[PDB]
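Enquirer: Handing you a structure now.
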Amino acid sequence: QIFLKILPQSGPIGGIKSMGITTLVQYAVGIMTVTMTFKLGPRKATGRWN
Amino acid sequence: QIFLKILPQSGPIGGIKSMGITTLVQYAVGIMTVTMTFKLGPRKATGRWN
Amino acid sequence: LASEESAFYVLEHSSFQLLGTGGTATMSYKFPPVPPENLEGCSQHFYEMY
Amino acid sequence: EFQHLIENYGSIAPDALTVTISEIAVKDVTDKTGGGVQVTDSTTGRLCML
Amino acid sequence: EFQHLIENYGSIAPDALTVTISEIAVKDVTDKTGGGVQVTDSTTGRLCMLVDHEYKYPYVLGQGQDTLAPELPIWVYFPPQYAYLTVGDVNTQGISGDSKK
Amino acid sequence: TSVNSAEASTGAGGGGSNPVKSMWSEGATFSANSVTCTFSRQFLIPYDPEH
Amino acid sequence: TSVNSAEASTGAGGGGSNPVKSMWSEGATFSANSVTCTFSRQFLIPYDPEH
């Protein structure tokens, strides 16, 4: 399993009047590229007429 | 002891009317990673029946 | 209700990667040898093989 | 591709797997002029991958 | 991990310590449209970090004070402001008898 | 005009990019004679309006 | 004054630049004994106001 989240960046704290502990609004995007290989077995030989 | 403080940055001073001496509102965030090694001594051998 | 056997997993208590904007990360996995799925059928009944 | 698979081959089994997460973009969201929100790519935003 | 430690070992003693401050981000705060504030990453902003390897400054750690890092990895640390106590001369404030160092 | 005119579009600010890889080190690795414990915490130095 | 004076001009924010070339891999490559299938999907992880 591949677990993905966004690191919770913290909001400003300090001399600003009554800020409070908040989080910066951040969301992630990306491209997930998944490659799977499959071993393949050849078709069985056919002796039919039809 | 590791002391941390944000380097203060000065506000603009110049042609702007009555700007005054100010400081840019800056706060710092980061990740503090602490690794400690502990020497461990093996459990003493025991000869109890129970 | 939770018990002593209940597994409370905290994923932040592990080593994972932090990837910035534009970063990439790859996972590789190798399937164990598994029985192939047959893509061809049967032209006979196993009870009519006489 | 599935039609080609089931036409040209006799059996299929999984062999390997590769998952690539690229073009990661952590994006901050703030308020744009005239209402609504606007999105800006984040230099320090980190995607936690485990 | 503490259960494993106290179950599988007979003694423990600290040996080495490594502290790494990484993912540093000094962030400017400015006014946001429609009220509030917004945060922008700073390229020129700096964080002054000083490691007192020589113990030049007074040591205040190890006094059992409410300054510890969060017990859970999900919480954010707010490192305490550094202050120290030093010796001085006790002087009486007038005739009231109050004394200040 | 405005970006609100589009039915389901969101305005963009065109920020920067930083393709860096860093580790959030955590957990304890036990050995026969020692244990190496690591914990990572996000820390915040607040804004000091006057030092 | 504002950029609205020129009816054929729009304001610019002067964002950054990133001359990077990446690949959108997809499709299946068949062989005599194996097939390598690849698919790419854009994924979005939403903002989590409380972790």
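Naming works like this for the structure tokens: A, B, ... for the chains as they're shown, residue 1 at the start of each chain, ligands 1 onward in shown order.
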Compile the contact shell of residue G:32 as number ranges by chain: residues with an atom at most 12 Å away, counting only C-alpha atoms, same-chain residues fewer than 5 positions apart removed.
Expert: A: 38-43; D: 5, 8-11
Enquirer: As a PyMOL selection string, please: every residue in chain F that DSSP puts in strand (DSSP E).
Expert: chain F and resi 11-12+21-24+27-30+34-45
Enquirer: Env of residue F:28: 12 Å cut, atoms = only C-alpha atoms, seq-sep filter 3 positions within chain, self excluded. Answer as a PDB file with N, CA, C and O atoms, in the first residue's frame.
Expert:
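Resulting contents of part_27.pdb:
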```
ATOM      1  N   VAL B  34      15.001  14.506  16.025  1.00  0.00           N
ATOM      2  CA  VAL B  34      15.919  14.207  17.114  1.00  0.00           C
ATOM      3  C   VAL B  34      16.147  12.705  17.143  1.00  0.00           C
ATOM      4  O   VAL B  34      15.192  11.921  17.232  1.00  0.00           O
ATOM      5  N   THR B  35      17.412  12.311  17.051  1.00  0.00           N
ATOM      6  CA  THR B  35      17.834  10.919  17.110  1.00  0.00           C
ATOM      7  C   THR B  35      18.686  10.732  18.355  1.00  0.00           C
ATOM      8  O   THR B  35      19.677  11.443  18.544  1.00  0.00           O
ATOM      9  N   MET B  36      18.302   9.781  19.200  1.00  0.00           N
ATOM     10  CA  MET B  36      19.087   9.429  20.374  1.00  0.00           C
ATOM     11  C   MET B  36      19.377   7.940  20.365  1.00  0.00           C
ATOM     12  O   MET B  36      18.483   7.126  20.113  1.00  0.00           O
ATOM     13  N   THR B  37      20.627   7.588  20.638  1.00  0.00           N
ATOM     14  CA  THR B  37      21.028   6.202  20.807  1.00  0.00           C
ATOM     15  C   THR B  37      21.122   5.885  22.293  1.00  0.00           C
ATOM     16  O   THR B  37      21.582   6.707  23.088  1.00  0.00           O
ATOM     17  N   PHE B  38      20.658   4.699  22.666  1.00  0.00           N
ATOM     18  CA  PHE B  38      20.762   4.207  24.031  1.00  0.00           C
ATOM     19  C   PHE B  38      21.515   2.888  24.007  1.00  0.00           C
ATOM     20  O   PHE B  38      21.090   1.944  23.335  1.00  0.00           O
TER      21      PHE B  38
ATOM     22  N   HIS C  13       4.273   7.939  13.007  1.00  0.00           N
ATOM     23  CA  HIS C  13       5.371   7.335  13.758  1.00  0.00           C
ATOM     24  C   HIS C  13       6.149   6.343  12.902  1.00  0.00           C
ATOM     25  O   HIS C  13       6.343   5.185  13.266  1.00  0.00           O
ATOM     26  N   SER C  14       6.598   6.800  11.738  1.00  0.00           N
ATOM     27  CA  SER C  14       7.396   5.976  10.843  1.00  0.00           C
ATOM     28  C   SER C  14       8.151   6.892   9.895  1.00  0.00           C
ATOM     29  O   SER C  14       7.835   8.075   9.758  1.00  0.00           O
ATOM     30  N   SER C  15       9.159   6.327   9.240  1.00  0.00           N
ATOM     31  CA  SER C  15       9.979   7.071   8.296  1.00  0.00           C
ATOM     32  C   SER C  15       9.328   7.021   6.920  1.00  0.00           C
ATOM     33  O   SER C  15       9.207   5.946   6.324  1.00  0.00           O
TER      34      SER C  15
ATOM     35  N   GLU E   1       7.227   0.684  21.520  1.00  0.00           N
ATOM     36  CA  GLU E   1       8.681   0.610  21.567  1.00  0.00           C
ATOM     37  C   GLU E   1       9.194   0.608  22.999  1.00  0.00           C
ATOM     38  O   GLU E   1      10.167  -0.086  23.311  1.00  0.00           O
ATOM     39  N   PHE E   2       8.557   1.369  23.890  1.00  0.00           N
ATOM     40  CA  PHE E   2       8.962   1.328  25.292  1.00  0.00           C
ATOM     41  C   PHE E   2       8.656  -0.027  25.914  1.00  0.00           C
ATOM     42  O   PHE E   2       9.440  -0.533  26.726  1.00  0.00           O
ATOM     43  N   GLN E   3       7.519  -0.628  25.554  1.00  0.00           N
ATOM     44  CA  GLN E   3       7.224  -1.974  26.032  1.00  0.00           C
ATOM     45  C   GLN E   3       8.275  -2.963  25.552  1.00  0.00           C
ATOM     46  O   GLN E   3       8.755  -3.797  26.327  1.00  0.00           O
ATOM     47  N   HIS E   4       8.656  -2.874  24.276  1.00  0.00           N
ATOM     48  CA  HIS E   4       9.701  -3.744  23.748  1.00  0.00           C
ATOM     49  C   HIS E   4      11.018  -3.527  24.481  1.00  0.00           C
ATOM     50  O   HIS E   4      11.722  -4.489  24.813  1.00  0.00           O
ATOM     51  N   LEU E   5      11.361  -2.267  24.749  1.00  0.00           N
ATOM     52  CA  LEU E   5      12.599  -1.954  25.454  1.00  0.00           C
ATOM     53  C   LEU E   5      12.613  -2.571  26.845  1.00  0.00           C
ATOM     54  O   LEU E   5      13.566  -3.263  27.222  1.00  0.00           O
TER      55      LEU E   5
ATOM     56  N   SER F  25      11.909  11.299   9.633  1.00  0.00           N
ATOM     57  CA  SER F  25      12.486  10.194  10.383  1.00  0.00           C
ATOM     58  C   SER F  25      11.742  10.002  11.697  1.00  0.00           C
ATOM     59  O   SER F  25      11.506  10.964  12.434  1.00  0.00           O
ATOM     60  N   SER F  31      18.553  -3.067  18.515  1.00  0.00           N
ATOM     61  CA  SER F  31      19.657  -3.967  18.225  1.00  0.00           C
ATOM     62  C   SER F  31      19.957  -4.787  19.473  1.00  0.00           C
ATOM     63  O   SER F  31      19.294  -4.654  20.505  1.00  0.00           O
ATOM     64  N   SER F  34      22.035  -1.950  21.593  1.00  0.00           N
ATOM     65  CA  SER F  34      21.644  -0.548  21.603  1.00  0.00           C
ATOM     66  C   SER F  34      20.347  -0.375  20.830  1.00  0.00           C
ATOM     67  O   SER F  34      19.931  -1.252  20.070  1.00  0.00           O
ATOM     68  N   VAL F  35      19.709   0.770  21.050  1.00  0.00           N
ATOM     69  CA  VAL F  35      18.524   1.174  20.304  1.00  0.00           C
ATOM     70  C   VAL F  35      18.736   2.587  19.784  1.00  0.00           C
ATOM     71  O   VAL F  35      19.232   3.460  20.505  1.00  0.00           O
ATOM     72  N   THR F  36      18.381   2.810  18.526  1.00  0.00           N
ATOM     73  CA  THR F  36      18.455   4.129  17.907  1.00  0.00           C
ATOM     74  C   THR F  36      17.027   4.624  17.717  1.00  0.00           C
ATOM     75  O   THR F  36      16.315   4.156  16.826  1.00  0.00           O
ATOM     76  N   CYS F  37      16.600   5.547  18.572  1.00  0.00           N
ATOM     77  CA  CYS F  37      15.263   6.112  18.507  1.00  0.00           C
ATOM     78  C   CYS F  37      15.309   7.447  17.781  1.00  0.00           C
ATOM     79  O   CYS F  37      16.286   8.191  17.895  1.00  0.00           O
ATOM     80  N   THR F  38      14.257   7.739  17.026  1.00  0.00           N
ATOM     81  CA  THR F  38      14.154   8.985  16.288  1.00  0.00           C
ATOM     82  C   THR F  38      12.721   9.480  16.349  1.00  0.00           C
ATOM     83  O   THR F  38      11.780   8.697  16.195  1.00  0.00           O
ATOM     84  N   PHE F  39      12.561  10.779  16.575  1.00  0.00           N
ATOM     85  CA  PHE F  39      11.244  11.389  16.499  1.00  0.00           C
ATOM     86  C   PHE F  39      11.354  12.730  15.793  1.00  0.00           C
ATOM     87  O   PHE F  39      12.289  13.496  16.033  1.00  0.00           O
ATOM     88  N   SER F  40      10.396  12.998  14.913  1.00  0.00           N
ATOM     89  CA  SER F  40      10.325  14.250  14.177  1.00  0.00           C
ATOM     90  C   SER F  40       9.068  14.991  14.598  1.00  0.00           C
ATOM     91  O   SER F  40       7.994  14.390  14.702  1.00  0.00           O
TER      92      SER F  40
END
```
Enquirer: Give the superposed chain F as a PDB file with N, CA and C atoms, in the first residue's frame, the fit being least squares on chain G over all ordered C-alpha pairs.
Expert:
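Contents of out34.pdb, as written:
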```pdb
ATOM      1  N   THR F   1      -4.705  55.314 -12.011  1.00  0.00           N
ATOM      2  CA  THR F   1      -4.747  54.651 -13.309  1.00  0.00           C
ATOM      3  C   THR F   1      -5.135  53.185 -13.161  1.00  0.00           C
ATOM      4  N   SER F   2      -5.189  52.475 -14.285  1.00  0.00           N
ATOM      5  CA  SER F   2      -5.533  51.061 -14.277  1.00  0.00           C
ATOM      6  C   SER F   2      -5.046  50.429 -15.571  1.00  0.00           C
ATOM      7  N   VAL F   3      -4.932  49.099 -15.550  1.00  0.00           N
ATOM      8  CA  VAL F   3      -4.599  48.369 -16.766  1.00  0.00           C
ATOM      9  C   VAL F   3      -5.805  48.269 -17.688  1.00  0.00           C
ATOM     10  N   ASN F   4      -7.005  48.538 -17.169  1.00  0.00           N
ATOM     11  CA  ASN F   4      -8.202  48.548 -18.000  1.00  0.00           C
ATOM     12  C   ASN F   4      -8.222  49.723 -18.967  1.00  0.00           C
ATOM     13  N   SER F   5      -7.362  50.723 -18.757  1.00  0.00           N
ATOM     14  CA  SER F   5      -7.321  51.870 -19.658  1.00  0.00           C
ATOM     15  C   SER F   5      -6.906  51.454 -21.063  1.00  0.00           C
ATOM     16  N   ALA F   6      -5.951  50.533 -21.169  1.00  0.00           N
ATOM     17  CA  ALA F   6      -5.540  50.029 -22.472  1.00  0.00           C
ATOM     18  C   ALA F   6      -6.677  49.245 -23.118  1.00  0.00           C
ATOM     19  N   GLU F   7      -6.787  49.366 -24.442  1.00  0.00           N
ATOM     20  CA  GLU F   7      -7.949  48.829 -25.146  1.00  0.00           C
ATOM     21  C   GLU F   7      -8.009  47.309 -25.059  1.00  0.00           C
ATOM     22  N   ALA F   8      -6.889  46.633 -25.314  1.00  0.00           N
ATOM     23  CA  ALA F   8      -6.880  45.177 -25.393  1.00  0.00           C
ATOM     24  C   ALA F   8      -5.688  44.578 -24.656  1.00  0.00           C
ATOM     25  N   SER F   9      -5.324  45.145 -23.512  1.00  0.00           N
ATOM     26  CA  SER F   9      -4.226  44.628 -22.712  1.00  0.00           C
ATOM     27  C   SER F   9      -4.759  43.879 -21.497  1.00  0.00           C
ATOM     28  N   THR F  10      -3.987  42.894 -21.050  1.00  0.00           N
ATOM     29  CA  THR F  10      -4.328  42.076 -19.896  1.00  0.00           C
ATOM     30  C   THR F  10      -3.203  42.163 -18.874  1.00  0.00           C
ATOM     31  N   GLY F  11      -3.572  42.306 -17.604  1.00  0.00           N
ATOM     32  CA  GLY F  11      -2.575  42.394 -16.557  1.00  0.00           C
ATOM     33  C   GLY F  11      -1.783  41.109 -16.413  1.00  0.00           C
ATOM     34  N   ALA F  12      -0.540  41.251 -15.964  1.00  0.00           N
ATOM     35  CA  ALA F  12       0.372  40.129 -15.809  1.00  0.00           C
ATOM     36  C   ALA F  12       0.848  40.036 -14.367  1.00  0.00           C
ATOM     37  N   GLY F  13       1.030  38.803 -13.898  1.00  0.00           N
ATOM     38  CA  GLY F  13       1.458  38.567 -12.532  1.00  0.00           C
ATOM     39  C   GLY F  13       2.917  38.183 -12.401  1.00  0.00           C
ATOM     40  N   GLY F  14       3.573  37.906 -13.526  1.00  0.00           N
ATOM     41  CA  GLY F  14       4.993  37.613 -13.525  1.00  0.00           C
ATOM     42  C   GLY F  14       5.409  36.379 -12.749  1.00  0.00           C
ATOM     43  N   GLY F  15       4.736  35.257 -12.979  1.00  0.00           N
ATOM     44  CA  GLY F  15       5.052  34.032 -12.278  1.00  0.00           C
ATOM     45  C   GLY F  15       6.400  33.457 -12.687  1.00  0.00           C
ATOM     46  N   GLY F  16       6.630  32.219 -12.244  1.00  0.00           N
ATOM     47  CA  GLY F  16       7.892  31.550 -12.471  1.00  0.00           C
ATOM     48  C   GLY F  16       7.897  30.699 -13.729  1.00  0.00           C
ATOM     49  N   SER F  17       9.040  30.057 -13.961  1.00  0.00           N
ATOM     50  CA  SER F  17       9.249  29.200 -15.117  1.00  0.00           C
ATOM     51  C   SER F  17       9.873  27.887 -14.668  1.00  0.00           C
ATOM     52  N   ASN F  18       9.567  26.816 -15.399  1.00  0.00           N
ATOM     53  CA  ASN F  18      10.029  25.473 -15.045  1.00  0.00           C
ATOM     54  C   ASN F  18      10.183  24.645 -16.309  1.00  0.00           C
ATOM     55  N   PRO F  19      11.324  24.754 -16.984  1.00  0.00           N
ATOM     56  CA  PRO F  19      11.528  24.028 -18.255  1.00  0.00           C
ATOM     57  C   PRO F  19      11.879  22.559 -18.048  1.00  0.00           C
ATOM     58  N   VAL F  20      10.913  21.792 -17.556  1.00  0.00           N
ATOM     59  CA  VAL F  20      11.105  20.370 -17.301  1.00  0.00           C
ATOM     60  C   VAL F  20      10.294  19.570 -18.307  1.00  0.00           C
ATOM     61  N   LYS F  21      10.797  18.381 -18.630  1.00  0.00           N
ATOM     62  CA  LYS F  21      10.140  17.465 -19.553  1.00  0.00           C
ATOM     63  C   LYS F  21       9.824  16.174 -18.815  1.00  0.00           C
ATOM     64  N   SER F  22       8.544  15.823 -18.760  1.00  0.00           N
ATOM     65  CA  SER F  22       8.095  14.589 -18.138  1.00  0.00           C
ATOM     66  C   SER F  22       7.146  13.870 -19.084  1.00  0.00           C
ATOM     67  N   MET F  23       6.971  12.575 -18.847  1.00  0.00           N
ATOM     68  CA  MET F  23       6.196  11.716 -19.727  1.00  0.00           C
ATOM     69  C   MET F  23       4.887  11.317 -19.064  1.00  0.00           C
ATOM     70  N   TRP F  24       3.823  11.282 -19.862  1.00  0.00           N
ATOM     71  CA  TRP F  24       2.539  10.719 -19.453  1.00  0.00           C
ATOM     72  C   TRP F  24       2.500   9.312 -20.037  1.00  0.00           C
ATOM     73  N   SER F  25       2.984   8.347 -19.263  1.00  0.00           N
ATOM     74  CA  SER F  25       3.097   6.978 -19.746  1.00  0.00           C
ATOM     75  C   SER F  25       1.732   6.304 -19.745  1.00  0.00           C
ATOM     76  N   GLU F  26       1.397   5.659 -20.858  1.00  0.00           N
ATOM     77  CA  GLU F  26       0.115   4.986 -21.010  1.00  0.00           C
ATOM     78  C   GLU F  26       0.249   3.945 -22.112  1.00  0.00           C
ATOM     79  N   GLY F  27      -0.726   3.045 -22.171  1.00  0.00           N
ATOM     80  CA  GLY F  27      -0.774   2.035 -23.205  1.00  0.00           C
ATOM     81  C   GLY F  27      -0.100   0.738 -22.797  1.00  0.00           C
ATOM     82  N   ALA F  28      -0.313  -0.286 -23.618  1.00  0.00           N
ATOM     83  CA  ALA F  28       0.237  -1.611 -23.375  1.00  0.00           C
ATOM     84  C   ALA F  28       1.150  -2.003 -24.526  1.00  0.00           C
ATOM     85  N   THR F  29       2.352  -2.458 -24.190  1.00  0.00           N
ATOM     86  CA  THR F  29       3.299  -2.988 -25.162  1.00  0.00           C
ATOM     87  C   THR F  29       3.265  -4.508 -25.063  1.00  0.00           C
ATOM     88  N   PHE F  30       2.780  -5.157 -26.115  1.00  0.00           N
ATOM     89  CA  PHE F  30       2.670  -6.606 -26.144  1.00  0.00           C
ATOM     90  C   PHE F  30       3.942  -7.228 -26.701  1.00  0.00           C
ATOM     91  N   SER F  31       4.295  -8.390 -26.161  1.00  0.00           N
ATOM     92  CA  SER F  31       5.433  -9.167 -26.623  1.00  0.00           C
ATOM     93  C   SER F  31       4.996 -10.615 -26.795  1.00  0.00           C
ATOM     94  N   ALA F  32       5.943 -11.464 -27.196  1.00  0.00           N
ATOM     95  CA  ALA F  32       5.626 -12.870 -27.421  1.00  0.00           C
ATOM     96  C   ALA F  32       5.227 -13.566 -26.127  1.00  0.00           C
ATOM     97  N   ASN F  33       5.899 -13.245 -25.023  1.00  0.00           N
ATOM     98  CA  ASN F  33       5.690 -13.943 -23.763  1.00  0.00           C
ATOM     99  C   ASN F  33       5.134 -13.065 -22.652  1.00  0.00           C
ATOM    100  N   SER F  34       5.051 -11.753 -22.850  1.00  0.00           N
ATOM    101  CA  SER F  34       4.593 -10.875 -21.784  1.00  0.00           C
ATOM    102  C   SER F  34       4.024  -9.600 -22.382  1.00  0.00           C
ATOM    103  N   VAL F  35       3.270  -8.879 -21.558  1.00  0.00           N
ATOM    104  CA  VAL F  35       2.749  -7.563 -21.906  1.00  0.00           C
ATOM    105  C   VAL F  35       3.086  -6.594 -20.783  1.00  0.00           C
ATOM    106  N   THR F  36       3.549  -5.407 -21.150  1.00  0.00           N
ATOM    107  CA  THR F  36       3.847  -4.346 -20.194  1.00  0.00           C
ATOM    108  C   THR F  36       2.787  -3.266 -20.366  1.00  0.00           C
ATOM    109  N   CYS F  37       1.836  -3.214 -19.440  1.00  0.00           N
ATOM    110  CA  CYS F  37       0.765  -2.233 -19.474  1.00  0.00           C
ATOM    111  C   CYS F  37       1.106  -1.074 -18.552  1.00  0.00           C
ATOM    112  N   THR F  38       0.706   0.128 -18.949  1.00  0.00           N
ATOM    113  CA  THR F  38       0.945   1.324 -18.163  1.00  0.00           C
ATOM    114  C   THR F  38      -0.271   2.226 -18.252  1.00  0.00           C
ATOM    115  N   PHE F  39      -0.669   2.785 -17.114  1.00  0.00           N
ATOM    116  CA  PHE F  39      -1.722   3.787 -17.106  1.00  0.00           C
ATOM    117  C   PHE F  39      -1.344   4.902 -16.147  1.00  0.00           C
ATOM    118  N   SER F  40      -1.591   6.136 -16.572  1.00  0.00           N
ATOM    119  CA  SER F  40      -1.329   7.319 -15.768  1.00  0.00           C
ATOM    120  C   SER F  40      -2.650   7.998 -15.457  1.00  0.00           C
ATOM    121  N   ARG F  41      -2.832   8.383 -14.199  1.00  0.00           N
ATOM    122  CA  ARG F  41      -4.026   9.095 -13.771  1.00  0.00           C
ATOM    123  C   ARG F  41      -3.622  10.280 -12.914  1.00  0.00           C
ATOM    124  N   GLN F  42      -4.278  11.414 -13.131  1.00  0.00           N
ATOM    125  CA  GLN F  42      -4.095  12.541 -12.231  1.00  0.00           C
ATOM    126  C   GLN F  42      -4.820  12.260 -10.924  1.00  0.00           C
ATOM    127  N   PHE F  43      -4.111  12.418  -9.814  1.00  0.00           N
ATOM    128  CA  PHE F  43      -4.666  12.179  -8.493  1.00  0.00           C
ATOM    129  C   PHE F  43      -4.637  13.469  -7.687  1.00  0.00           C
ATOM    130  N   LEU F  44      -5.606  13.597  -6.782  1.00  0.00           N
ATOM    131  CA  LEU F  44      -5.755  14.778  -5.942  1.00  0.00           C
ATOM    132  C   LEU F  44      -5.915  14.345  -4.494  1.00  0.00           C
ATOM    133  N   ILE F  45      -4.966  14.739  -3.654  1.00  0.00           N
ATOM    134  CA  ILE F  45      -5.095  14.620  -2.206  1.00  0.00           C
ATOM    135  C   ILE F  45      -5.794  15.880  -1.706  1.00  0.00           C
ATOM    136  N   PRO F  46      -6.984  15.773  -1.126  1.00  0.00           N
ATOM    137  CA  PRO F  46      -7.714  16.971  -0.710  1.00  0.00           C
ATOM    138  C   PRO F  46      -7.123  17.577   0.552  1.00  0.00           C
ATOM    139  N   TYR F  47      -7.501  18.826   0.804  1.00  0.00           N
ATOM    140  CA  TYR F  47      -7.044  19.523   1.997  1.00  0.00           C
ATOM    141  C   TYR F  47      -7.744  18.955   3.223  1.00  0.00           C
ATOM    142  N   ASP F  48      -6.960  18.489   4.191  1.00  0.00           N
ATOM    143  CA  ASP F  48      -7.517  17.984   5.434  1.00  0.00           C
ATOM    144  C   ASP F  48      -7.400  19.076   6.483  1.00  0.00           C
ATOM    145  N   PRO F  49      -8.490  19.760   6.834  1.00  0.00           N
ATOM    146  CA  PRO F  49      -8.376  20.896   7.763  1.00  0.00           C
ATOM    147  C   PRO F  49      -7.825  20.524   9.127  1.00  0.00           C
ATOM    148  N   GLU F  50      -8.043  19.297   9.594  1.00  0.00           N
ATOM    149  CA  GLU F  50      -7.375  18.822  10.801  1.00  0.00           C
ATOM    150  C   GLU F  50      -7.111  17.333  10.654  1.00  0.00           C
ATOM    151  N   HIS F  51      -5.852  16.942  10.840  1.00  0.00           N
ATOM    152  CA  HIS F  51      -5.426  15.549  10.725  1.00  0.00           C
ATOM    153  C   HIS F  51      -5.733  14.839  12.036  1.00  0.00           C
TER     154      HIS F  51
END
```
Enquirer: Can you check which residues of chain C have any atom within 12 Å of chain G? Use only C-alpha atoms and format it as a tab-separated table (two decimals) with C-alpha atoms, in the first residue's frame.
Expert:
```
chain	number	residue	atom	x	y	z
C	10	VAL	CA	-0.17	5.85	13.77
C	11	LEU	CA	1.49	6.36	10.40
C	12	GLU	CA	3.24	9.56	11.49
C	21	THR	CA	6.28	20.34	-5.89
C	22	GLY	CA	7.52	18.68	-9.07
C	23	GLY	CA	9.10	15.77	-7.22
C	24	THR	CA	8.74	12.12	-8.14
```
Enquirer: Please return as a list in words: the residues of chain D that backbone DSSP assigns to alpha helix (DSSP H).
Expert: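 Selecting the alpha helix (DSSP H) positions of chain D gives residues 2, 3, 4, 5, 6, 7 and 8 of chain D.
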Enquirer: Should the cut-off be 8 Å, what would the residue list for chain E against chain D look like, counting only C-alpha atoms, as a ChimeraX atom specification?
Expert: /E:23,25,32-34,38,41
Enquirer: Let me see the file: selected residues, N, CA and C atoms, as a PDB file, in the first residue's frame.
Expert:
```
ATOM      1  N   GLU E  23      13.586  21.210   6.633  1.00  0.00           N
ATOM      2  CA  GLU E  23      12.343  21.740   6.077  1.00  0.00           C
ATOM      3  C   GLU E  23      12.031  23.116   6.657  1.00  0.00           C
ATOM      4  N   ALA E  25      11.190  26.886   6.878  1.00  0.00           N
ATOM      5  CA  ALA E  25      10.377  27.743   6.019  1.00  0.00           C
ATOM      6  C   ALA E  25      10.051  29.004   6.812  1.00  0.00           C
ATOM      7  N   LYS E  32      -5.021  39.562   3.552  1.00  0.00           N
ATOM      8  CA  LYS E  32      -5.717  38.761   2.560  1.00  0.00           C
ATOM      9  C   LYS E  32      -6.944  39.507   2.054  1.00  0.00           C
ATOM     10  N   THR E  33      -7.264  39.290   0.779  1.00  0.00           N
ATOM     11  CA  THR E  33      -8.426  39.930   0.180  1.00  0.00           C
ATOM     12  C   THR E  33      -9.699  39.509   0.903  1.00  0.00           C
ATOM     13  N   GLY E  34     -10.561  40.484   1.179  1.00  0.00           N
ATOM     14  CA  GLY E  34     -11.775  40.212   1.919  1.00  0.00           C
ATOM     15  C   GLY E  34     -11.579  39.990   3.399  1.00  0.00           C
ATOM     16  N   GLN E  38      -2.876  36.098   4.914  1.00  0.00           N
ATOM     17  CA  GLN E  38      -2.362  35.018   4.091  1.00  0.00           C
ATOM     18  C   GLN E  38      -0.853  34.935   4.262  1.00  0.00           C
ATOM     19  N   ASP E  41       5.751  32.068   1.241  1.00  0.00           N
ATOM     20  CA  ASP E  41       7.108  31.625   1.534  1.00  0.00           C
ATOM     21  C   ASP E  41       8.104  32.748   1.272  1.00  0.00           C
TER      22      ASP E  41
END
```
Enquirer: Using only C-alpha atoms, find each residue of chain C with at least one atom at most 10 Å away from an atom of chain D; report its shortest atom-to-atom pair and that distance in Å (one decimal), sort the rows by chain and rising residue number, and return the result as CSV.
Expert:
```
residue,atom,partner,partner_atom,distance
C:11,CA,D:50,CA,8.5
C:12,CA,D:48,CA,9.4
C:14,CA,D:50,CA,8.5
C:15,CA,D:50,CA,7.6
C:16,CA,D:50,CA,4.8
C:17,CA,D:49,CA,5.2
C:18,CA,D:48,CA,4.8
C:19,CA,D:47,CA,5.0
C:20,CA,D:46,CA,4.9
C:21,CA,D:25,CA,4.2
C:22,CA,D:23,CA,4.8
C:23,CA,D:24,CA,5.5
C:24,CA,D:22,CA,4.1
C:25,CA,D:21,CA,5.3
C:26,CA,D:20,CA,4.4
C:27,CA,D:19,CA,5.2
C:28,CA,D:18,CA,4.6
C:29,CA,D:17,CA,5.1
C:30,CA,D:16,CA,4.4
C:31,CA,D:15,CA,5.1
C:32,CA,D:15,CA,7.4
C:33,CA,D:15,CA,7.5
C:34,CA,D:13,CA,6.8
C:35,CA,D:13,CA,6.9
C:36,CA,D:13,CA,4.6
C:37,CA,D:11,CA,5.3
C:38,CA,D:11,CA,4.5
C:39,CA,D:10,CA,5.0
C:40,CA,D:10,CA,6.0
C:41,CA,D:10,CA,9.7
```
Enquirer: Considering only C-alpha atoms, return as number ranges by chain whatever protein or nucleic-acid residues lie within 9 Å of residue A:12, sequence-local ones (same chain, fewer than 5 positions apart) excluded.
Expert: A: 19-24; B: 26-28; E: 27-29, 37-39; F: 44, 46-47
Enquirer: For chain A against chain B, with a cut-off of 12 Å and counting only C-alpha atoms, what is the closest atom pair and its distance in Å to one decimal for every residue that makes the cut, ordered by chain and number, as CSV?
Expert:
```
residue,atom,partner,partner_atom,distance
A:7,CA,B:31,CA,10.5
A:8,CA,B:29,CA,10.9
A:9,CA,B:29,CA,7.9
A:10,CA,B:29,CA,7.3
A:11,CA,B:27,CA,8.9
A:12,CA,B:27,CA,6.3
A:13,CA,B:27,CA,7.0
A:14,CA,B:27,CA,7.6
A:15,CA,B:25,CA,8.0
A:16,CA,B:25,CA,8.4
A:23,CA,B:29,CA,11.7
A:24,CA,B:29,CA,11.8
```
Enquirer: Have a look at atom CA of residue E:80 and atom CA of residue E:61 and let me know their distance in Å, one decimal.
Expert: 10.6 Å
Enquirer: Could you name the residues that touch stretch 43-47 of chain C at 12 Å or less, counting only C-alpha atoms, but leaving out those on the same chain fewer than 4 positions away, as a ChimeraX atom specification?
Expert: /A:46-48
Enquirer: Output the selection as a PDB file, in the first residue's frame - C-alpha atoms for each residue.
Expert:
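Output file out10.pdb follows:
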```pdb
ATOM      1  CA  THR A  46      -5.526 -26.271 -32.589  1.00  0.00           C
ATOM      2  CA  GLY A  47      -6.184 -29.363 -34.683  1.00  0.00           C
ATOM      3  CA  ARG A  48      -9.838 -28.669 -35.504  1.00  0.00           C
TER       4      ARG A  48
END
```
Enquirer: Measuring between only C-alpha atoms, which one of B:45, B:5, B:31, B:18 shows the shortest distance to chain D?
Expert: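 Using only C-alpha atoms, chain D sits closest to B:31.
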Enquirer: So that each row is one residue of chain E with an atom at most 10 Å from chain C, can you give its shortest atom pair and the distance in Å to one decimal, using only C-alpha atoms, rows by chain and rising number, as a tab-separated table?
Expert:
```
residue	atom	partner	partner_atom	distance
E:23	CA	C:18	CA	9.4
E:72	CA	C:13	CA	8.5
E:73	CA	C:12	CA	5.9
E:74	CA	C:12	CA	6.6
```
